[PDB]
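Observations on the three-dimensional arrangement
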Amino acid sequence: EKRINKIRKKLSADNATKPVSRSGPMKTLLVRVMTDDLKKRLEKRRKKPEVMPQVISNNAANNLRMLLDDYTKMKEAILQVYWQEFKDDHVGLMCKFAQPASXXXXXXXXXXXXXXXXXXXXXXXXXXXXXXXXXXXXXXXXXXXXXXXXXXXXXXXXXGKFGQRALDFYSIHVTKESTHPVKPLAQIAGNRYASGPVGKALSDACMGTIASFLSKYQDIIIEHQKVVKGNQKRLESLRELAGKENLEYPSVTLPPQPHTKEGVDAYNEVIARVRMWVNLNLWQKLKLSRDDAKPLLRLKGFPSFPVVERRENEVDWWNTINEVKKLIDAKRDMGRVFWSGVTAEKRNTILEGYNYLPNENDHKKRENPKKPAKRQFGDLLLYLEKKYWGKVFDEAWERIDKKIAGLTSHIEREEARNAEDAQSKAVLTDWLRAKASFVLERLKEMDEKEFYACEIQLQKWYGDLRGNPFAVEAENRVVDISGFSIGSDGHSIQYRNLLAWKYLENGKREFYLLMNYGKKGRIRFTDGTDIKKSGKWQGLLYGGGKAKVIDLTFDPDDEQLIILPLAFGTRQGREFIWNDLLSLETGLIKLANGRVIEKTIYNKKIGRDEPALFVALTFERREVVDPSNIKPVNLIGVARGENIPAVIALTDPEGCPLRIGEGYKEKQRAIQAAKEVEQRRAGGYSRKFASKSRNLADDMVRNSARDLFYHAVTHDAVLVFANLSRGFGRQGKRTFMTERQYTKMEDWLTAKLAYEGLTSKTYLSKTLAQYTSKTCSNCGXXXXXXXXXXXXXXXXXXXXXXXXXXXXXXXXXXXXXXXXXXXXXXXXXXXXXXXXXXXXXXXXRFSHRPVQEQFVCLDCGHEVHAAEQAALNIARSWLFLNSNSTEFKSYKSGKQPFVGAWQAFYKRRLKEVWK
DNA sequence: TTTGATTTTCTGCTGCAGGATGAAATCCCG
DNA sequence: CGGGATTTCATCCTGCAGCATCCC
RNA sequence: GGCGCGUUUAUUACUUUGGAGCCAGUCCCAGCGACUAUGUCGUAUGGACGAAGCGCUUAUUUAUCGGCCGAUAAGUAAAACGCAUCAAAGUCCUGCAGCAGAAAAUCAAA
């Protein structure tokens, strides 16, 4: 009773079905074409299939490769010419891609004391359902709907929604008029593609991508206006130099609002320089806290133009290895007159301070631990100092150029046969940087001028040599199918695709995807009704509005007609190709859009080099259950977390009364431990588990979304989440992005409660998360006041004591927090409260949640898991928001704040109905 | 011993923003 | 004189929302 | 960690997550550690090598044995069958940015 396809047949077999209004919910397949090895994987099983299915017919793959290459070159040439358009008129391109308005009418005016920005912003009140007053400016009414007052009512210069088809792409480049000199069908593709589906699909993809860039760039210009004003306010550190009278000036003038992309890098170099000076002279040398000398903020988030402005720094490996070796052997003989030179102490000071001698690597972890291959050279230098400082440098050079020529004769014999050693590259680069930072120390003590150019050259070469043998080439190539629809003529396929299903021998189909992108016909059709056991070839082409099947006559030929067979499981077919409830060839599910994706899948025998051809048809629903369900006895309190996500508590609607996804953080920390082991040695990633973390995350998210939906439907529930303000995370030092999934569970539960009919108003509500998961279920803290005294506090009611066990190690330490209080209190108490912060010990012991699993109240004396008690309050906070009793009227009229109103609601209900 | 602040090279995962194109109207060519 | 390939065109949503929640 | 069977997820073979089965050794090159230090000995850290179900049939091959066969321990070669071995999930694309991981430099701090 646990499956997700039993709950949907419980939902859609209880209440009625309504057609959708304007659009529907969208799903999609992700199937794979039978390339070749999907036929090898069938003649290796025990039980062999009866009919060997089909493959790509060896000339469909050639045409598909030609189409994908020509499509990617066309899309790149269009984004090139619009990049050269965008680099001249930012506001010109922004005003070009604005939108049409719609088909409105005669609106008002507002030219009186209001224009636009950088041209006569009128006004109207269209949507009279609830919220009206959309601006809708003009000059083709560019819907300039914006402004949030704050400083001044500044409506946006271009629109609020950039659009896809605002440009009318197909009167420019593609058509045979329009002397704009870059026509991608007549120049690059070679005039052999139809100007029907290719031009419109290329319009779809290129205008979608440039509208994405512009609609991000507008918001980023506004946010940098705020951040540049805030950065100009934080040049009160120019006061802090005379506030301490010991620092002269940082001497850096901030450029204005940058607008381009290189202005951002210049302004960020200036903010980086002032931030480096602030950390060097005001957080360490004078020991100020961070909120006394606030740092300058960096301009983050500037979007670049999509495909034209990638990085492309690709270099070979062996040329940079020989370059590093040339730079090292150029400075050898001047590197002898320094190390056989200066003193007996300055050589020891350079060895000691610049991290050469082994500081503490002697802790045998049940052999000594490994060294970072700069201190191996320190051990060798110490031993060759002991047994043997003039002739030591020659004696410690020959045992490195035998460890470099020993490694470089191990790569070059194990790279140029078949394999990649993948660790003996990283140890060669580590040893070359150690020998580099050993030769160059004549420069970093004698004259520091040409050191930093040589140091930035060695840093660029080390970066190339460490990362570049692990970069991925071969980005994904894709070609759009923009719909299946019979045109205005009676029998002609617009957009030139189908979904074939050639009939097989017994009764079954084979589900091909015919593309016909050549500049001819070769696919035509009349109609069909019989199931004759051969190539009936039926088709599904949406004649007009209603769906239809046809019968289709064509010969598989070597001039067009890319015929891809599909290979999907029985589960994808049972869901949405031949489903019993929403049947195709009737109209309840319509197809909308297809692709052909050639992306990289990891093959088990070799590395990741295996491009396979996915298809990904996108399906829209058109039958949807109507809401006549209320779910009374409901109040399921989902209360999300990170150590154990989505802990559940169920309760009756008066208030009176599971650990879904139990072991998840341990698996993710083990996968990150495996990546951090294969990153310390062997500098890259070993790209097998470069897609393990997202796959495990999606498996847990969709399994727990199934479990929440099952517990919502069967126990007749209304899921009450907590308003975690989408995009919530720890965002600290050791948070990997996979463990940041409080938004994705709500997203998947909504996107499975949008499909199968409902909305986010009948099985998914949301309460406030303010002061939940902090109040005990028999008590009511917020303000830990140590105003009362250092022998005791008074807590809520009654009193308390002291005598503690305060644990705040950050090494291996603790206290007792009575002796600590006395030592930081002496015999004055109040003066110690004014000077020192003794509240840290109070909030280290007397705080709730001592270990980050449990929970102890301060007036109850209670102990519950703080997740099965974070859930019985989320369900009791939604029953406080929308239940107008007495104490929701208060905090709404403004008598009491939220904490006092909620505790006066709780301690009124916790004795009456245990709510 | 370990962490502040800049910087060089790679990677993955989430979080936004475009989307999920049919109907009609010309026009050329056998 | 129709068949079939090009070439234009154009759509729509309101909804209200308050200072912790995650974890260290 | 590696290698394979594969069942349930109410016409097919995809992408995955779980449970169960079988192997995890050799200093050949390297890494790393100790030193009796331009190398010797250890350590399986990476490459390269080999290890990777069982059982019932049938054609064989080695050896025992009952007077040209036939039963046996073991291997080869072939197809079907049973067991170990059982449950779940899928909404994509393009484009950026943001975080986080990783070393490696430079200036400093406790």
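Residues numbered from 1 in each chain as written, not as in the entry; some residues may be left out. Chains lettered and ligands numbered in written order. Heavy atoms only, no water. Residues with missing side-chain atoms left out of burial classes, pairs and counts.

Turning next to the overall build of chain A. Summing up its helical and strand segments, chain A has 26 helices and 17 strands in all. Along the three orthogonal principal directions, the C-alpha set of chain A runs to about 95 × 85 × 75 Å. (Helix = DSSP H or I, 4+ residues; strand = E, 2+ residues; numbered from the N terminus.)

Disulfide partner of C779: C860, at an S-S distance of 2.0 Å. Between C779 and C860, the disulfide has an S-S torsion of 125° and is therefore right-handed. We note that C857 lacks a disulfide partner, and the nearest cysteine sulfur, in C779, lies 3.7 Å from it. (Disulfide = S-S within 2.5 Å.)

Let us now look at the domain arrangement of chain A. Partitioning chain A into domains gives domain 1 (1–19 + 631–779 + 847–882), domain 2 (20–55 + 476–622) and domain 3 (318–362 + 369–470). Centre-to-centre separation of domain 2 and domain 3, based on C-alpha positions: 59 Å. (Domains from an automatic or database assignment.)

Below, the discussion takes up the environment of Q423. With respect to the helices, strands and loops of the structure, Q423 is situated in the loop between helix 13 (401–414) and helix 14 (426–439). When the C-alpha positions of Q423 and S409 are compared, they lie 14 Å apart, and in sequence the two are 14 residues distant. Excluding residues within four positions of it along the chain, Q423 makes contact with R681 and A682. (Contact = heavy atoms within 4.5 Å.)

Further remarks concern the pattern of salt bridges. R466 serves as the salt-bridge partner of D430, at 3.0 Å between the closest nitrogen and oxygen. One end of the pair, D430, is in helix 14; the other, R466, is in helix 16 (residues 451–467), and 36 residues separate them in sequence. The residue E746 makes a salt bridge to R640 at a minimum N-O spacing of 3.4 Å. Because the salt bridges share partners, they merge into one network encompassing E236, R239 and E240. (Salt bridge = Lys/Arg side-chain N within 4 Å of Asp/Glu carboxyl O.)

Next up on the list: the sheet that holds strand 17 (residues 764–767). Judged by pairing direction, the sheet is parallel, and its three strands sit side by side in the order 15-16-17 without closing on themselves. At either end of the open sheet lies a strand with only one pairing partner, and these are strand 15 (636–637) and strand 17. As paired elements, strand 15 and strand 16 (residues 719–722) share two bridges and run parallel to each other. Residue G637 lies in a different strand from strand 16, and its bridge partner there is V720. Running at roughly 145° to strand 17, helix 20 (residues 743–754) makes contact with strand 16 and strand 17 of the sheet. (Pairing = 2+ DSSP bridges. Axes fitted to C-alpha atoms, helices over the stretch in contact; angles between N-to-C directions.)

The next subject is the pairing of strand 11 (residues 589–600). Looking along a regular strand, one sees side chains alternate from face to face of the sheet. Where strand 4 (residues 477–481) lies against strand 11, five bridges are found, and the strand directions are antiparallel. Within strand 11, the residue paired with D480 across the bridge is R595. Pairing between strand 11 and strand 13 (residues 618–621): four bridges, direction antiparallel. Bridge pairing links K590 to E620 in strand 13. Bridging between strand 11 and strand 12 (residues 611–614) involves four bridges; their strand directions are antiparallel. Residue pairing for strand 12: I597 is matched across the bridge by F614.

A few words now on the packing of aromatic side chains. The description of an aromatic ring pair uses the distance of the two centres, along with the angle that the planes make with each other. Between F880 and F898 the ring centres are 5.6 Å apart and the planes differ by 80°, which places this aromatic pair in the edge-to-face class. Here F880, found in helix 25 (residues 878–881), pairs with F898, found in helix 26 (residues 898–909); they are 18 residues apart in sequence, far enough to count as distant. Between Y891 and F898 the ring centres are 5.0 Å apart and the planes differ by 75°, which places this aromatic pair in the edge-to-face class. Stacked on the ring of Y755, the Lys or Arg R621 has its end atom at 4.9 Å from the ring centre. (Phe/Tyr/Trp six-rings, centres within 6.5 Å; stacked < 30°, edge-to-face > 60°. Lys NZ or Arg CZ within 6 Å of the ring centre and 35° of its normal.)

Before going further, it helps to spend a moment on unusual backbone geometry. The backbone of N191 shows a phi angle near 60°, a positive value even though the residue is not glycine. In this structure, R522 takes a positive phi of about 75° despite not being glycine. Residue position: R522 is located in the loop between strand 7 (512–515) and strand 8 (524–525).

Attention now goes to the packing of helix 13 against helix 14. One can describe the packing of helix 13 onto helix 14 by two numbers: an axis separation of 10 Å at closest approach and a directional angle of 155°. As far as their axial angle goes, helix 14 and helix 13 are roughly antiparallel. The handedness of the crossing between helix 13 and helix 14 is left-handed. Residue-level inspection shows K403, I404, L407 and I411 of helix 13 in contact with helix 14, the latter providing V427, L428, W431 and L432. Here the contact of helix 13 with helix 14 is composed, by residue class, of seven nonpolar, no polar and one charged. (Parallel < 35°, antiparallel > 145°, perpendicular 65-115°, else oblique. Left-handed = near helix turned anticlockwise from the far one by under 90°. Nonpolar A, V, L, I, M, F, W, Y, C, P; charged D, E, K, R; others polar.)

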